[PDB]
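# Chain and residue survey
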Amino acid sequence: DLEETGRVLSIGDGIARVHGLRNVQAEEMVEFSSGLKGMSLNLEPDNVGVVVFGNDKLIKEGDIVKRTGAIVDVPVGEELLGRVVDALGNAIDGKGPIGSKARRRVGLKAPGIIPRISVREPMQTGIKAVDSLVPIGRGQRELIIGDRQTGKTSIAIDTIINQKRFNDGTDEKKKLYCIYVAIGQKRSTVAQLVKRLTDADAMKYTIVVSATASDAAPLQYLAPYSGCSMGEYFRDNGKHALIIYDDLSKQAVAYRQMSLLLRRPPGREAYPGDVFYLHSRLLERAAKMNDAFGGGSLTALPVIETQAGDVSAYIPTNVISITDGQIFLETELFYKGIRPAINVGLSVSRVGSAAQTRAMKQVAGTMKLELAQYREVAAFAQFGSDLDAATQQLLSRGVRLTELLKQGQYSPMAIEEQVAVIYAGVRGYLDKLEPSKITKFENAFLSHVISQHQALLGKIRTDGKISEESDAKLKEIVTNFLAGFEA
Amino acid sequence: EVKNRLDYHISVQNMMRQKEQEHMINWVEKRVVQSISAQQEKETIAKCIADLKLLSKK
Amino acid sequence: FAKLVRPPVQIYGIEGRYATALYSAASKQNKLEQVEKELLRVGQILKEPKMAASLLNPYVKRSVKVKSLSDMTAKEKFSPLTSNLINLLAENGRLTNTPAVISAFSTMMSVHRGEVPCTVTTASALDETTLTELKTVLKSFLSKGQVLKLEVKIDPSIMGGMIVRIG
Amino acid sequence: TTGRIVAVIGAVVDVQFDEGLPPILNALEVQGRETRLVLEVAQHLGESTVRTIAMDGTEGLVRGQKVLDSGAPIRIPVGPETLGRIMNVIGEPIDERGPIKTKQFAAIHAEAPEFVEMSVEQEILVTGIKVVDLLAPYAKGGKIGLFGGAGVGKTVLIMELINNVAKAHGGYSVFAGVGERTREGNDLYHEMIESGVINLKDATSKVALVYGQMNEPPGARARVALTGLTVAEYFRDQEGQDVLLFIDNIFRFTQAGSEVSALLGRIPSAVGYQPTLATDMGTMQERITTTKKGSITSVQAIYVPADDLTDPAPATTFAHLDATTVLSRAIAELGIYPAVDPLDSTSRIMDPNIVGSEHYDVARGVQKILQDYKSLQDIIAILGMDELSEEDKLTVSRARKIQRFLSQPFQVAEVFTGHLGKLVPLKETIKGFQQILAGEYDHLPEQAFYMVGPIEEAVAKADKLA
Amino acid sequence: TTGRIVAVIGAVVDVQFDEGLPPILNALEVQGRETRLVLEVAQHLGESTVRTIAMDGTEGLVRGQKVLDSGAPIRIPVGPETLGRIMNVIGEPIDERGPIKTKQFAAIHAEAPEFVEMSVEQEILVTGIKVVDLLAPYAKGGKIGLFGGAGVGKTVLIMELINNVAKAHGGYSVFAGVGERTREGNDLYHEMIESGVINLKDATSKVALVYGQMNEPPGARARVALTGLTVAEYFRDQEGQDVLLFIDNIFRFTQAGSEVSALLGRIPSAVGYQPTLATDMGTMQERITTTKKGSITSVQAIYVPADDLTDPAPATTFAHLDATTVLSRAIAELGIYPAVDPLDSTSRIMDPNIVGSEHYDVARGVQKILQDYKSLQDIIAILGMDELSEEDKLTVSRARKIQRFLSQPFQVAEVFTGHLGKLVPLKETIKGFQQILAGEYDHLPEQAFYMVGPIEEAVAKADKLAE
Amino acid sequence: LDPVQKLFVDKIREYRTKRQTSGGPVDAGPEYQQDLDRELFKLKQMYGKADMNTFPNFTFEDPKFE
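The deposited coordinates for this entry were obtained by cryo-EM, with a reported resolution of 7.40 Å.

Structure below.
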């Protein structure tokens, strides 16, 4: 009845000093009268400093605080693959609730060394630039960084679309289950987004954990942890997961704020310190696992949107140092229209080689380096004036290759297409052409192969990798095609 | 061009049923409630389940 | 210093940080009860202004307020350590606060072993209950009183609202 | 129910309401208020005490004084009868024209609509200003934030927007003078009257004016926005409206919140800014939308705090901005009213993937060309056009035509433009510039494009000359 | 003695002991938390209540719970069996191969060894890597902090050193992966495993690994520091050893301290810090030494928040060091690895004496040229050229060659670099730059100097770079 | 009522009454109806206006081969 209940000792600021229920199991989400849950974070003796899920407007004091007697868990399952939920795994989709009714403590930890297994994986993005230059393997926490839906977000889509190929393929590792933790992203933003993902029907292998620009702060805050709990499920259940946290900048904000409101200070940048732990605890749980975990993965794509490219920015520094690289995107370039827009100098996978795909590596590995120089002379050299043809070419060629790393948004690829177009540049074929025509070339080039060199694609696909032979066929394609492509 | 033509009807029958549901429901609940306590046995069913707490939660 | 002794209820301390002193103090020397009754007495022995309201009047010198409010009067038979704690709450101004210490206290030898569950209407009514057995039901029967819609309601006691609450 | 003044430390009025503590957000009207002083429950501090906020002035706060719960948040007129009317925050004729009655009054806490309940997919509200739509596509339900040179007929323009849009579109308007200069609003008042955008004769104006000027205490200044919202939702859903919500000036919101926070025992985070800044912001932002029926499109005067926009507050704001407007003196100087510098008239949601490619491209061509022409403004500044070729001449000329062509005359500031204004549907608009791009009208007078709304009247006008 | 947890406000665990409080620092075993929840007494809060700290986290705790003093501070397994193992604080097998069965136990506390009991003035441990030794020669048994933004190949670099050096080194080593990505530690593990130096067949290795990862609750990360110390001390003195002590990252440690400082009911500090930072460190760093009984050359990786050094914590840090490796984010940013700011990475320990003057001087000229050279760099940067002095040009270029010459690619990590470019034994190093000082090389390239080893080969590369 | 199904009954017979009125369940009344009238009309705005109770028929043509 009210058998064992407690009275809201005080309330103001969404911080419910709660009298009673005293023997609360720690970090129990409890329930107040108001429907509302809170989680009893703070056990002071005489009261519970209670972080309130939902908000204090509702609230009236002395109100019954019921144990919920439950420690924070979030629902876990897979029926959310095909769903949008709020952070508590309750829908918001309005389809009624998810079939996923299993729950799982978000209070979980990142596995040990032995559990884990290192990468050697590729992990395909369908974004050429990305898998090539910031080559991706599965399990990895890596920073997606870019400045104000500068297509930042777009990226995630192309990859997801790329995972389509896997989940729509049959992948036993590449079948990357996407968990989209949407942090702070306004309802419109999300609503909008979702609408697309569903359209991308990628939603089927996709969870969307949703903290829009409406949430109570812990909720926004919580959302990743929710996601965190879930993705490890796949990972550990062999299944290969992808989580997009977008973005922790907001989460942190909420969280600091949460502290602050809790009249708990912060440190640096007004941010508390173990927000480092926050991200660590959050992110370390994304990993590439040993076989005991079905080998699986939770590949973590945290997103931090640089604020003004600022990263020295303590929390960014933090995240950066956690991530095994960053993909910084050159937003002005984006704005130059360049989509992708990348700041590849500022895009790194320190890793590099464990994370790549041989098909691509065969042209791209080599290219990356070569580009290292092109780019290098794009920047290094910088006048009006010409150098030598080599470099001049490198610039021209490079520039061509630049188009190639673009990808009019929402258009990822399977590996051979990428490699294909790349072959064309690397192997000298389209140094020739111009950007205006690159883009065109590619279109044509694809329809050409699409029609024709499906064989070859077949091959490349087969080996997952190039063959000189395939190359020889390629060689022909490009040359000939190239000729067809203009004339 | 056909589809729009059927879908109004569906979508209206969906919205209509909710608007009958909420209005039924609200009017329904707002009429009948009170007579409940004059069943003291709504506190006897509290006592009943409460005696099957009171034996049967120990 | 001492070591912890706390009569059943027991409390949380804090304006009962004193209570707890005597939840060890009274308790020890087991004039637990002497004082237990003292307190009761005190309560109304207290309640009227005088040399008490004295304090309020800031300008009355606490120093001698104790020697007046407690000298002749609060030692009228409130003394053991009882006047001294009076004279402590006195100093420590916890005099206006004292009722609550009694409150707090008084659930003590009896009510020390109180009755809690939060239960509709005039809910529990601090008594005593033995958790192994039911005690609950009994009580209810005793009465066919309280108020339960005005007093605690069919929403708690049996969800009048809940059926609303699903939607 | 009653409250006592238990503590006044300013307008944080510690009220002890002792007949329970009505949920935070409840409006109380304080009893003993000659100056009907509403307190909003902010915290239930306990002790049957709440911390409450004056949204009004004080004195004669004779202690223990009696305070009355209205049992709800502040209730304010909702319903159409507000149009043409200026109410204070607390929903009362500061038009000083007797009751701004409505039919329904509303407790003004009412927040963040469900994501599904929107038509989750939003759509440009057609302004008709060529430049406007073109450069910053304005979304029904959206937040567009108006950065802009001062007094430049920001207002003039705005008035005109009401005319074209709130008129031509079903657009209604709300003016929320948040912390504005009462005086400018006064001036404006007369201006509005004058402009006829507001009308008295009939109060069937498109705009209800709500002012919660500098005069208000922050809570009031802060809150005039929810109020304004509360109506706008009313119209939006209820009157199905595309409401135009002029929230003028949002900075004053931020400012109002931020101030209180500290005092409010809330850490007002970075820069002083209320730690909730975003949440405040968010909860509010989520109320701005094309729901299903109606859109509340927020036309946001945005003072550029510290002209700084990394400025956490603006940073947040960015999230809230679909389309961003900086009004530009540079342009203005060119006599071009619109004074819009278009490069600052964007929508983040620009793309051809998003803002689709003719528009975009024509535009791309335009921003580029105009700039390129601007590159030439430096280049020409040296070399003269003589040293440039006709594509440059062309571009210049076109750019220039285009330049003029963004100029659309004004009924209002016949003083600035020189005359009565127009209206321009989009197809014609883009076509217009596209046409100029086709160079069609040779470079038959380009000053023709000056202060002409549709492109044709200029073509025609070029002819009357030629 | 027993307490019951009375307040849990996070992993600051307030235990009210209902009777006797053992002195502060007693490791307590919580009666209930099988999640071996050591609480370390932190404060005697008064009235038999202690503030104790969970190392661990807390969810599920009933406010109530009984805590039984483990009766001492932490006892940890010590001795050699910790070599080739992953120990946490408690020396548990994060090797995950079962225990780290020792004889010896330890209070993870240890204190500063007597000043006289130290060695007084140490002797250079050369650092191999040309740039490095040259400008920063180290002392055998030295404490070096490597300031550097983590993870910039920062971490890579340390590993590479380890590679060169720790390999080159015999003795033993202690490795503490604190707060670092478990993921990297995982790889590393396997890498060591692989290396077989993490012997897969010795419980030992030659290296003990101690971990206090980021994802941990603070106490664990915090305290692993003492632990690691205890072990290394164990080896240093007891095993008489030349221990190498690798720490990544003290920054996270320091941070851990600071983070708690507030929660600890203390004031945090400037920037939030632990205001006790200094005492903590002073005492800690003084726990560190190379006494007579052995020597610990401790290579301590330092993440420097936002690379702010200025930032008081690093400001403090400096005291503790006697060799600093200050990495230039800019140089690193030039890709240039070596990336160091070496006019900031310092040792007074470079000497005309100890390092002989040649080296030394060669360096002084270098330090100098470069030091001047930066100064302009900026001016000229915008202020372009020539209506100037071209002797300067000479230095600039030269500086640049030298600059490049410091660079050596990440030899091993072809995965990161694809490049090799070796280590330079010291005379060859001195020679190298000295030769550049002789400036003969100067009609030559610039990236020849970049990412290599022996100046001869670099020269070779110069020629070659000259096509 | 809390033989709980009697609260379902409590509701249900008022469903029984309401559904055993006309329109099935009504008493929603004209105010509901104006609301309906808008959204039902407003639907048509998105959606076109003709054969929402019959079949629409269509036509097939060409301009020129440009």
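### Some remarks on the overall build of chain C
Of regular secondary structure, chain C possesses nine helices and zero strands. Going from the N terminus to the C terminus, chain C shows its helices and strands as α-α-α-α-α-α-α-α-α. Over its C-alpha atoms, taken along the principal directions, chain C stretches across nearly 65 × 35 × 30 Å. Taking all contacts inside chain C whose residues are at least 6 apart in sequence as the whole, residues at least 24 apart take part in 35%.

### Here's the deal with the overall build of chain B
Within chain B, the secondary structure is distributed over two helices and zero strands. Against the 2.2 N^0.38 benchmark of 10 Å for 58 residues, chain B shows a C-alpha radius of gyration of 22 Å, more extended than a compact globule. Dimensions of chain B, computed from C-alpha atoms along their principal axes, come out at roughly 65 × 30 × 10 Å.

### Re the pairing of strand β15 (residues 323–327) of chain D
All names here are of chain D. Note that strand β10 (residues 143–148) and β15 share five bridges and pair parallel. Across the sheet, residue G148 finds its bridge partner in β15, namely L327. Sheet topology places β15 next to strand β16 (residues 340–347); four bridges connect them, and they run antiparallel. Bridging from a neighbouring strand, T325 pairs with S345 of β16.

### Overview of the arrangement of the chains
Ranking the five pairs of chains in contact by number of contacts places chains A and E first. One finds no contact linking chain C with chain D; the least C-alpha distance across the pair is 14 Å.

### Some remarks on the sheet that holds strand β13 (residues 240–246) of chain A
Residues and elements named next belong to chain A. Taken in spatial order, the eight strands line up as β8-β12-β11-β13-β14-β10-β15-β16 in an open sheet, and their pairing is mixed. The sheet is open, and its two borders are formed by β8 (83–86) and β16 (347–349), each paired with just one other strand. Shown here is a sheet whose adjacent strand axes are inclined to one another by a mean of 20 degrees, direction ignored. Relative to strand β12 (residues 206–210), strand β11 (residues 176–182) runs parallel, the two sharing five bridges. Bridge pairing in β12 places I179 opposite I207.

### With respect to the interface of chain A and chain E
Taken together, the contact pairs 22 residues of chain A with 16 residues of chain E. Of all the secondary structure elements, the ones that give two or more residues to the side of chain A that touches chain E are β4 (37–43) and α6 (275–284) of chain A. Grouping the constituent residues of the side of chain A that touches chain E by class yields eight nonpolar, eight polar and six charged.

### Focus: the pairing of strand β2 (residues 12–17) of chain D
Where strand β1 (residues 2–9) of chain D and β2(D) come together, six bridges link them in antiparallel fashion. By the bridge assignment for β2(D), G3(D) is matched with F17(D).

### A closer look at the sheet that holds strand β11 (residues 172–178) of chain D
The strand order across the open sheet formed by eight strands is β8-β12-β11-β13-β14-β10-β15-β16 (chain D), and the pairing between neighbours is mixed. If you trace the sheet from one side to the other, it starts and ends with β8 (86–87) and β16 of chain D, each paired once.

### Side note on unusual backbone geometry
At the junction of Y337(D) and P338(D), the peptide bond is cis and its omega measures out at 5 degrees in the coordinates. The omega torsion of the bond from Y337(E) to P338(E) falls at -5 degrees, within 30 degrees of zero and hence cis. Mapped onto the secondary structure, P338(E) falls in the loop between α8 (329–333) and β18 (340–346). In this structure, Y410(A) takes a positive phi of about 70 degrees despite not being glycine. Inspection of the secondary structure assignment puts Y410(A) in the loop between α10 (389–405) and α11 (415–426). A positive phi is found at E467(E), a non-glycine position, where the angle reads about 75 degrees.

### Some points on the environment of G294(D)
Relative to the elements of secondary structure, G294(D) occurs in the loop between α6 (277–285) and β14 (295–301). Residues within four places of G294(D) in sequence aside, it is in contact with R236(D), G240(D), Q241(D), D242(D) and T289(D).

### So, helix α3 (residues 182–195) of chain E
With 14 residues, α3(E) extends 19 Å from end C-alpha to end C-alpha; this agrees with the ideal 20 Å at 1.5 Å per step. One or two steps after α3(E), the chain reaches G196(E), where phi turns positive at roughly 80 degrees.

Scoring rules and cut-offs
- Sequence positions in this view are assigned from 1 along each chain in the order the sequence is written. Entry numbering can differ, and residues without coordinates are absent from the display.
- Labels follow written order: the first chain is A, the first ligand is 1, and so on.
- What is displayed is a subset of a larger assembly, so the values quoted cover only the displayed chains.
- Where side-chain values are given, they derive from all heavy atoms of the structure, hydrogens and water being excluded.
- Residues with missing side-chain atoms are left out of burial classes, side-chain pairs and their counts.
- Numbering of helices and strands starts at the N terminus; helices are DSSP runs of H or I of at least 4 residues and strands are runs of E of at least 2.
- By definition, residues are in contact when any of their heavy atoms lie within 4.5 Å.
- Computation of the radius of gyration draws on C-alpha atoms alone. For the globule rule, the value is 2.2 Å times the number of residues to the power 0.38.
- Two strands pair under a simple rule: DSSP has to find at least two bridges between them.
- Axis lines are fitted through C-alpha atoms, for helices just across the contact stretch, and the angle between N-to-C directions can take any value from 0 to 180 degrees.
- Just so you know the grouping, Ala, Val, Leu, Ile, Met, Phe, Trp, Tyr, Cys and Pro go in nonpolar, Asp, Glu, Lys and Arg go in charged, and all remaining residues, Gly too, go in polar.
- Multiply 1.5 Å by the residue count of a helix minus one, and that product is the helix's expected span.

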